[PDB]
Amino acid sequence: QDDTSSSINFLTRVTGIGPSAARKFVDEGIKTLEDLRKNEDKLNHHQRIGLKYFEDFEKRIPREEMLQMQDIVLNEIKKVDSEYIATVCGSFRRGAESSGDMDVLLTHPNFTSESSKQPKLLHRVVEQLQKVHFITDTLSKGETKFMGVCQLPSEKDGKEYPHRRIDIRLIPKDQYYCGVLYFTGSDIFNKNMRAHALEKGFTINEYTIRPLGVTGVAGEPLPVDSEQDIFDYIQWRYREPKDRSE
């Protein structure tokens, strides 16, 4: 069993291959990266691109590169429409010295929670980033979420940076800063802040902050025009992201 398990665990390191699909591959004698490459016909698109960048996707991103990536993303988005608002979240926003991926939250005042889908608000940004060769591949592209691959431009002698995972999520403007709060984390900090909100008569989720009565009925979403507004409602001092480990 040891070798069977090691094979399954190996394939799960490919993005797009989860434990169940890995078990099915190994049952078919597909166990290594070489086996996967010889059996590209059995892969979906996400798995094929994850195999393509297997080694790169096991490398971390130094904060220095994250800052370069951030400027490319922010500068190109502003070129498409200066009314877009985009924020890099995750442990990067909390000041982490390295990141596993880049997670971008995107909004636009044309897109509110009363809106039906506006996928081209997302796709136009993806297309511009592809046009300047920053986004290199797509893992999946939906009406509000893009998961793909990017790469910093070569700086010297044609030497290449590793390809990196990037996600871009389109969020309604009236829910944007609650989203930024949630996706900045940490998970423990989010739990602690939601517990304090309850003590103060509010309930916070990924989308909204609402007043919460003694019977447990949530009221209407409160207006939020900055992350600071959410802390103001629950009477907490603003917690800078570097202070959100717990």
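Numbering starts at 1 and follows the sequence shown.
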Averaging C-alpha B-factors over each stretch, which comes out higher, 154 to 162 or 92 to 100?
-> 154 to 162
Taking only the CA atoms, which stretch has the higher mean B-factor in the record, 11 to 19 or 233 to 241?
-> 11 to 19
C-alpha B-factor winner, where the candidates are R60, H46, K38, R63 = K38
Just grab whichever of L67, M193, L51, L212 has the top CA B-factor as deposited.
-> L212
Please place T203 in the lowest, middle or highest third of its chain by C-alpha B factor as given in the entry.
-> middle
Report the third (lowest, middle or highest) to which the CA temperature factor of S115 belongs, ranking only the modelled residues of the same chain.
-> highest
Entry-reported Cα temperature factor of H108, expressed as the chain third it lands in = lowest
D174: which third of its chain by C-alpha temperature factor?
-> middle
Chain-wide C-alpha B factor ranking for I30, given as lowest, middle or highest third = highest
